[PDB]
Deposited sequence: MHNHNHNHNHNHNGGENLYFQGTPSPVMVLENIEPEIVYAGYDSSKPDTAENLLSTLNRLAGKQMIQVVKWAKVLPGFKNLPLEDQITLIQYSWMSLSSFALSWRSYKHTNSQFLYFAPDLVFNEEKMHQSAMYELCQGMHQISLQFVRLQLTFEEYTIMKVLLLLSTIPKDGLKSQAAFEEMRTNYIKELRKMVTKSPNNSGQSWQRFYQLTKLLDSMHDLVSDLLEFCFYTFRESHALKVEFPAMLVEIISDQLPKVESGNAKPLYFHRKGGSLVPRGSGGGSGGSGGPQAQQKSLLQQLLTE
């Protein structure tokens, strides 16, 4: 099929500023609008990374779009836990160099309990001493962790790519079975947090002007397609270990 991990380490996206206006009042509407603008910028970076991701080109265009749309919150959350861990030792939520959440911002964002759930994942990075190599393989597994209920157009092609990245994670943990299951348990726990993040995101999207929450064009497109699929139960989370 294929070291692809050496490739993963080099294709990691550059740093993205939030463009946060600290002179503006710290309302839920202003903070969430800034987070949505940041999410739009990260999405462009995800597409650029996915195009050069080994094996991703083999999947048909329709499947590539489905995977990116279904996994956007999973990839975003996981990357947030990594930045929080790397830059603050998981003491704060490191959204961007210019946007680091303390207790105050967690309350102001009107997402306090969700922010705490996210901080719990970053605390697991500290407990496990997650490595950058482990992190890059796991991010690929998250891109390949949610599919349509009726499968993808090229299901066999997808399964081959996913299986090969799982083999890469197993090879990596040796540098071992105990660590492999600690990492798969961490990946599985991403689905529950992402579910709660999407529930709130769908809510603010469906009544955005009523709460003054702005969404960039990229998020409008992704959410408009994803929202009816997720609520109709057409999304299928892939678990290593069924709950």
* To do: Any chance you could give me the deposited-sequence numbering of all the stretches lacking C-alphas?
  => 1-18, 21-24, 198-204, 273-305
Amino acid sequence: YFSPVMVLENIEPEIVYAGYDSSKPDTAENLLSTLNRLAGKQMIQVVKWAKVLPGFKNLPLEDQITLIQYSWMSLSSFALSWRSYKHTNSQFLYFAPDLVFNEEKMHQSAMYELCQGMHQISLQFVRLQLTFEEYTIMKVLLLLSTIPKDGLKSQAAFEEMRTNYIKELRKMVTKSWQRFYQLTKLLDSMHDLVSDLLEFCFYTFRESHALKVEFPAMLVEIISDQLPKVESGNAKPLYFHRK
From here on, numbers count along this sequence of modelled residues.
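Only the largest set of C-alpha atoms that superpose within 1.5 Å between the two forms is called the rigid core.
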* Compare 191-199 with 23-31 and report which one shows the larger root mean square C-alpha deviation from this form in 4 other deposited structures of this protein once the rigid core is superposed. => 23-31
* Going by the average Cα B-factor in the PDB entry, point out whether 19-27 or 230-238 comes out higher. => 19-27
* To do: Name the higher of the two by mean Cα B-factor in the PDB entry, 137-145 versus 95-103.
  => 95-103
* Asked: Out of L80, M73, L130, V173, which one has a C-alpha B factor higher than all the others in the entry?
  -> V173
* If you check the C-alpha B-factor for each of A50, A217, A210, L198 in the entry, which is highest? -> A210
* Structure fact -> For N58, the third of its chain by CA B-factor is the highest
* Asked: If you rank the chain by CA B-factor, which third does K153 end up in: lowest, middle or highest?
  -> highest
* **Position of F202 among the chain's modelled residues by C-alpha B-factor, lowest, middle or highest third** => lowest
* Structure fact -> Here the Cα B-factor of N89, set against its chain, lands in the third termed middle
